[PDB]
Amino acid sequence: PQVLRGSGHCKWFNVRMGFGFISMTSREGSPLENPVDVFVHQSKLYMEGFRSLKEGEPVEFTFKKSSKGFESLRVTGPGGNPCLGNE
């Protein structure tokens, strides 16, 4: 599938279940009128420690369109920094 680019913030993250939602607020640098949910699995998070997202943390990511809607491929913090997480 076409790799897509966006940015936004962590909407929520279920640490135990290993997944969450990103609220995507920009696509390819263009702000959205209507932010949209993007699924994110813990395995896609760029960071060295225990992998999760903190609610509200700003993210940049690649994603794809699947039969379920939008799903993350790789997620970082701003400027390609590691995600913050909850630790």
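Criteria and cut-off values
In this document, residue positions are counted from 1 along each chain in sequence order, independent of how the entry numbers them, and residues without coordinates are left out. With hydrogens and water stripped out, all remaining heavy atoms of the structure feed into the side-chain values. Note on conventions: DSSP H or I runs of at least 4 residues are helices, E runs of at least 2 residues are strands, and numbering of each starts at the N terminus. Only C-alpha atoms enter the radius of gyration, while the globule expectation follows 2.2 Å times N to the 0.38, with N the number of residues. Here the term buried applies to any residue with accessible area under 20% of the maximum for its type, exposed to any over 50%, and partly exposed to those in between, with areas from a 1.4 Å probe on protein chains only. The contact rule is simple, with two residues in contact once any of their heavy atoms fall within 4.5 Å. Working definition of accessibility: Shrake-Rupley area with a 1.4 Å probe, residue cover restricted to the visible protein chains. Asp and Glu are treated as the negative residues and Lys and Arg as the positive ones, with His and the ends of the chain left uncounted. Every charge is mapped onto a representative atom, which is NZ of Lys, CZ of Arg, CG of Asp or CD of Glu. We call a set of buried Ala, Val, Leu, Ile, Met, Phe, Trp, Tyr and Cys residues a nonpolar core when their side-chain atoms join them within 4.5 Å. Here, a salt bridge means any side-chain nitrogen of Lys or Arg that lies within 4 Å of a carboxyl oxygen of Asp or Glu. Note on disulfides: each one is a pair of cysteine sulfur atoms within 2.5 Å.

Peer 1: Help me understand the overall build of the protein, please; the structure alone is not making it clear to me.
Peer 2: A count of helical and extended segments in the protein gives zero helices and five strands. In the protein, the order of α-helices and β-strands from amino to carboxyl end is β-β-β-β-β. For a compact globule of 87 residues, the expected C-alpha radius of gyration is about 12 Å, and the protein comes in at 12 Å, within 12% of that figure. For the protein, the spread of C-alpha atoms along the three principal axes comes to 30 × 25 × 20 Å. Counting every position in the protein, which comprises 87 residues, the buried fraction comes to 32%. Taking as baseline every contact in the protein between residues at least 6 positions apart, the subset at least 24 positions apart corresponds to 52%. Put simply, the protein shows about 5,400 Å² of open surface, and 50% of that area lies on carbon and sulfur atoms. Considering the protein, the positive charge centre built from 11 side chains and the negative charge centre built from 9 side chains are found 7 Å apart.

Peer 1: So what exactly am I meant to see when it comes to the nonpolar core here?
Peer 2: One recurring pattern in soluble globular proteins: nonpolar side chains tend to sit buried together. Grouped together as the largest cluster of nonpolar side chains are 15 residues, with contacts concentrated most on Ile22, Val40, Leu45, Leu53, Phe61 and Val75. Those elements giving two or more residues to this core turn out to be strand 1 (4–14), strand 2 (19–27), strand 3 (30–41) and strand 4 (58–66). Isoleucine 22 has contacts with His9, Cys10, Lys11, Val36, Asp37, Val38, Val40, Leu53, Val59, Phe61, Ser72 and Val75, leaving out every residue within four places of it along the chain.

Peer 1: I would appreciate a short explanation of the pattern of salt bridges in the present structure.
Peer 2: Should their charged atoms come close, side chains of opposite charge can pair. Scanning the entire structure with this criterion turns up one salt bridge. Ionic pairing is found between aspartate 37 and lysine 11, a salt bridge with its closest N-O pair at 2.8 Å. One end of the pair, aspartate 37, is in strand 3; the other, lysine 11, is in strand 1, and 26 residues separate them in sequence. On the basis of relative accessibility, which here comes to 36%, the residue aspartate 37 falls in the partly exposed class. For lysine 11, a relative accessible area of 35% corresponds to the partly exposed category.

Peer 1: Before we go on, may I ask you to explain the state of the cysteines in this structure?
Peer 2: Here, the word disulfide means a covalent bond between the sulfur atoms of two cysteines. As enumerated under the stated definition, the model contains zero disulfides in all. The thiol sulfur of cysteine 83 is not disulfide-bonded, and the nearest other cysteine sulfur, from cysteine 10, lies at 9.3 Å.

Peer 1: Just checking my understanding: could you explain the environment of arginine 5 for this structure?
Peer 2: Along the chain, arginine 5 turns up in strand 1. Residues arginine 5 and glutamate 60 lie 55 residues apart in sequence; the distance between their C-alpha atoms is 7.8 Å. In this view, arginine 5 contacts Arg27, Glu28, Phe61, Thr62 and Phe63; residues no more than four positions away in its chain are not counted.

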